Amino acid sequence: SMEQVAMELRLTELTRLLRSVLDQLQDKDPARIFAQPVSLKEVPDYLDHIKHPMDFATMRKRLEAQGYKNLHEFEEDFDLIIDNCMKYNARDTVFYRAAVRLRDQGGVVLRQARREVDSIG
């Protein structure tokens with residue numbers, strides 16, 4: 001149908017806008033602390049602590065499969081990256097501090113993305 005295609009064009013544009021957002025959020029992590037999944041070889045107990053791991057490369061795979069239906073789902077995953085880190089790592093660690101800075105700096109990007117998603121529809 002013509003509707004399904006129009007629907008698909010919107011998802012492709014949402015995917016387009018979320019890819020730009022992801023790139024901007026990932027620039028806020030120049031140390032690449034959140035780039036890849038926490039290694040289960042190097043942190044074998046990780047899943048005893050963190051039930052839903054997340055990282056930027058895993059978000060990118062979902063993104064490129066057009067697996068985010070709306071900005072809310074995308075934000076859920078970004079928030080997991082941050083909140084998982086802040087639980088597993090103590091306050092006085094480079095990891096916890098990197099998450100705080102990513103949260104704070106990502107807020108600005110995400111604030112405008114919401115306006116752009118509502119605005120463009």
Side-chain angles (χ1 to χ4, degrees), residues 1-2 4-6 8 11-15 17-40 42-60 62-68 70-110 112-119 121:
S1 84
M2 206 28 253
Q4 284 308 322
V5 167
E8 289 152 10
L11 181 59
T12 295
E13 286 307 294
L14 176 69
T15 299
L17 186 151
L18 295 183
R19 180 183 307 120
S20 168
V21 175
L22 187 62
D23 294 340
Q24 287 174 74
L25 297 175
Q26 191 154 25
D27 291 330
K28 305 315 185 156
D29 171 33
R32 299 193 67 88
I33 290 162
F34 305 108
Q36 292 293 331
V38 172
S39 176
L40 303 174
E42 300 172 2
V43 191
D45 80 344
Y46 186 67
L47 304 183
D48 295 353
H49 295 270
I50 295 300
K51 297 304 183 191
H52 299 96
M54 194 43 56
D55 68 86
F56 283 130
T58 305
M59 293 189 59
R60 203 169 291 279
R62 184 165 163 192
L63 184 66
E64 292 306 335
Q66 308 188 334
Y68 292 114
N70 54 55
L71 182 57
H72 184 76
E73 294 190 331
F74 180 94
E75 291 173 297
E76 288 191 333
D77 270 358
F78 174 71
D79 283 339
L80 273 179
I81 291 178
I82 295 308
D83 294 333
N84 288 347
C85 186
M86 290 173 76
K87 290 171 193 83
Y88 189 80
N89 303 105
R91 212 155 32 253
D92 74 338
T93 58
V94 63
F95 306 105
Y96 183 115
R97 289 162 172 285
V100 164
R101 287 165 61 80
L102 181 59
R103 188 193 65 183
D104 289 353
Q105 299 195 276
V108 180
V109 171
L110 289 172
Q112 208 52 40
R114 165 52 67 210
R115 296 193 65 84
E116 282 176 327
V117 153
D118 293 359
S119 187

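The residues of the chain are indexed from 1 along the displayed sequence.
A pairwise comparison of heavy atoms in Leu102 and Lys28 identifies CD1-CB, 3.7 Å as the closest pair. Of all the heavy atoms in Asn70 and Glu73, the pair that sits closest is OD1-N, 2.9 Å. Nearest heavy atom pair, residue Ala99 against residue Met86, reads CB-CG, 3.8 Å. Across every non-hydrogen atom of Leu25 and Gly106, the tightest pair is CD2-CA, 3.6 Å. Of all heavy-atom pairs spanning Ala113 and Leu71, the tightest one is C-CD2, 4.0 Å. In terms of heavy atoms, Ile82 sits closest to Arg103 at CD1-N, 4.0 Å.
Atom OH of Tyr68 and atom CD of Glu76 lie 10.0 Å apart (nearest 0.5 Å). Atom OG1 of residue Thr12 and atom CG of residue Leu17 lie 12.5 Å apart, to the nearest 0.5 angstrom. How far CG of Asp23 is from CG of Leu18: 11.0 Å, rounded to the nearest 0.5 Å. Here the straight-line distance linking atom CG of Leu63 with atom CZ of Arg19 works out to 6.0 Å at 0.5 Å rounding. Expressed to the nearest 0.5 Å, how far NE2 of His52 lies from CG of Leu47 amounts to 10.5 Å. Taken to the nearest 0.5 Å, the CZ atom of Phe56 stands 5.5 Å off from the CG atom of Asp29.
Remark: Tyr88 pairs with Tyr46, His49 by the ring pair (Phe, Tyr, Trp, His ring centres under 6.0 Å) rule, at least two apart or across chains. For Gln36, the side chain to side chain contact (heavy atoms under 4.5 Å, CB included) partners are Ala57, not counting sequence neighbours.
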Derivation and outcome, side chain to side chain contact (heavy atoms under 4.5 Å, CB included), residues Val43 and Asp45: CA-CA 6 Å; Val43 191; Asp45 80 344; 3.5 Å; yes

Working for side chain to side chain contact (heavy atoms under 4.5 Å, CB included), residues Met59 and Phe74: CA-CA 8 Å; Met59 293 189 59; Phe74 180 94; 3.5 Å; yes

Stepwise side chain to side chain contact (heavy atoms under 4.5 Å, CB included) check, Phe95 with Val38: CA-CA 12 Å; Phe95 306 105; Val38 172; over 6 Å; no

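Side-chain N/O atoms of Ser20 and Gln24 include a donor and acceptor closer than 3.5 Å.
No salt bridge links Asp55 with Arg60; every basic N to acidic carboxylate O contact stays at or beyond 4.0 Å. Here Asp118 pairs with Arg114 in a salt bridge; the nearest charged N to carboxylate O distance falls below 4.0 Å.
Every pair passing salt bridge (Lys or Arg N to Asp or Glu O under 4.0 Å) that includes a residue from residues 77-102 is listed here, sequence neighbours excluded: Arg62-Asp77.
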